[PDB]
Each structure stands twice: as structure tokens, then as C-alpha cells.
Amino acid sequence: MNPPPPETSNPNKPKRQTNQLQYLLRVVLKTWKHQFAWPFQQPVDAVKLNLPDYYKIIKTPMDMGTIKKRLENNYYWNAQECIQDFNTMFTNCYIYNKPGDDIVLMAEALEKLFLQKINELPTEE
Ligand SMILES: CCS(=O)(=O)c1ccc(OC)c(-c2cn(C)c(=O)c3ccc(-c4cnn(C)c4)cc23)c1
């Protein structure tokens, strides 16, 4: 009943490092240590949690484990692809859950930190 996780490696896509991609892995993702990170560190395990509607409602799942692996495997060419995956992750949480739910307050806090760090993205090549 869970879907396979998102793809994290694709040798058919070209690979590069950029200052912004480095910042996304080393500053943004790592800043993973937050109090509230665990529910976002791996795909939502609908089987474990007995949430058979989760993947009926969320058709673009995303999570920080996936993002980290993507950054490590040079999956993204453009930083904005990675930023989009973060934003997807947050939006999923907002769609599935209701305001004032603990998990939503967790996501809001994580997203505020995420946004602060993106406002300090370094210069593009
Ligand atoms: C990601 C590791 S996990 O799948 O075991 C896990 C553990 C705890 C979690 O929240 C406290 C979640 C979780 C993550 N996200 C992103 C959600 O949106 C989410 C929504 C609902 C629930 C949940 C747990 N039990 N129930 C009734 C609902 C649980 C979640 C997921």
C-alpha cells in the first residue's frame, strides 16, 4: 500500500555542482537538526500510520530524506528544482492536514526557517 519512494538517482541527467546547490545541502538541508524534523525526514509511511487516504490525496509526495539523497546524487541541475521539492513537501502537509494540527505547526516553523535561509542563497555562476 505505500508507493515506492521518489527517484533519487538518474545517471541519464547531467550533473554539476553550483554554489547554490552546495548551500542547499550544507546550510539549508542540514539546518535536518531541527526539533521538528523527524516527520519530514522520510516519506510518509501510510502503512505504518494506517492512513490509506494519504496517497489518494497526495500525488506528489516529497520529503527531506529524498531531497538529501537527490543533492548527494547531484539529481538537480538548478537550485530551483530543489527549492520546489521543499515547497512541495510543505504544501503536501498543508493540504492533507488542518490548521492548528501539531504537524502543521511543525511544518510552519520548518518552512519559516527554510525561507530565512533561502533569502540568503549565494550568487549564481
Ligand atoms: C515520516 C516518518 S513516519 O511516516 O512514520 C511519520 C511519523 C510521524 C509523523 O507525524 C507526527 C508523520 C507525518 C508526516 N507528515 C508530513 C504528515 O503530513 C503527517 C500527517 C498525519 C500523520 C498522522 C499520524 N497519525 N495520524 C492519525 C495522522 C502523520 C504525518 C510521519
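Throughout, residue positions are numbered sequentially from 1 according to the sequence presented. All values below were derived from every heavy atom in this structure, side-chain atoms included, with hydrogens, water molecules and symmetry-related copies excluded.
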Exercise. Report yes if the side chains of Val44 and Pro61 come closer than 4.5 Å at any heavy-atom pair, otherwise no.
Key: no
Practice problem: Evaluate the criterion side chain to side chain contact (heavy atoms under 4.5 Å, CB included) for residue pair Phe86 and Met64; output intermediate values, then yes/no. | Solution: CA-CA 7 Å; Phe86 279 102; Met64 297 201 301; 4.1 Å; yes
Quiz item: Is it the case that more than 12 heavy atoms not belonging to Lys59 sit under 6.0 Å from its NZ atom?
Solution: yes
Practice problem: Show the numbers, then the answer: is there a side chain to side chain contact (heavy atoms under 4.5 Å, CB included) between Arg16 and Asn78? | Solution: CA-CA 9 Å; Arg16 67 178 177 178; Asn78 287 153; 2.9 Å; yes
Exercise. For residues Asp63 and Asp85, determine if any side-chain heavy atom of one lies less than 4.5 Å from a side-chain heavy atom of the other.
Key: no
Exercise. Taking the side chain as every heavy atom from C-beta outward, state whether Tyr54 and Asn2 have any atom pair closer than 4.5 Å.
Key: no
Quiz prompt | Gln22 and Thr18: side chain donor to acceptor below 3.5 Å | solution = no
Quiz item: Do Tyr94 and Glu111 have side-chain N/O donor and acceptor atoms under 3.5 Å apart?
Solution: yes
Practice problem: Give a yes or no on whether a salt bridge exists between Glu108 and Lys112, defined as a side-chain N under 4.0 angstrom from a carboxylate O. | Solution: no
Quiz item: Do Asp53 and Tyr96 have a side chain donor and acceptor closer than 3.5 Å?
Solution: yes
Quiz item: For the residue pair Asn92 and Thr60, what are the closest heavy atoms and their distance?
Solution: ND2-O, 2.8 Å
Self-check item: Heavy-atom side-chain proximity of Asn19 to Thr123 below 4.5 angstrom
Solution: no
Quiz item: At their closest point, which heavy atom of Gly100 faces which heavy atom of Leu105, and how far apart are they?
Solution: O-CD1, 3.8 Å
Self-check item: Cation-aromatic face contact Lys13/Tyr75, 6.0 Å, 45 degrees
Solution: yes
Quiz prompt | Non-hydrogen atoms of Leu21 and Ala79 that approach each other most closely | solution = CD2-CA, 4.0 Å
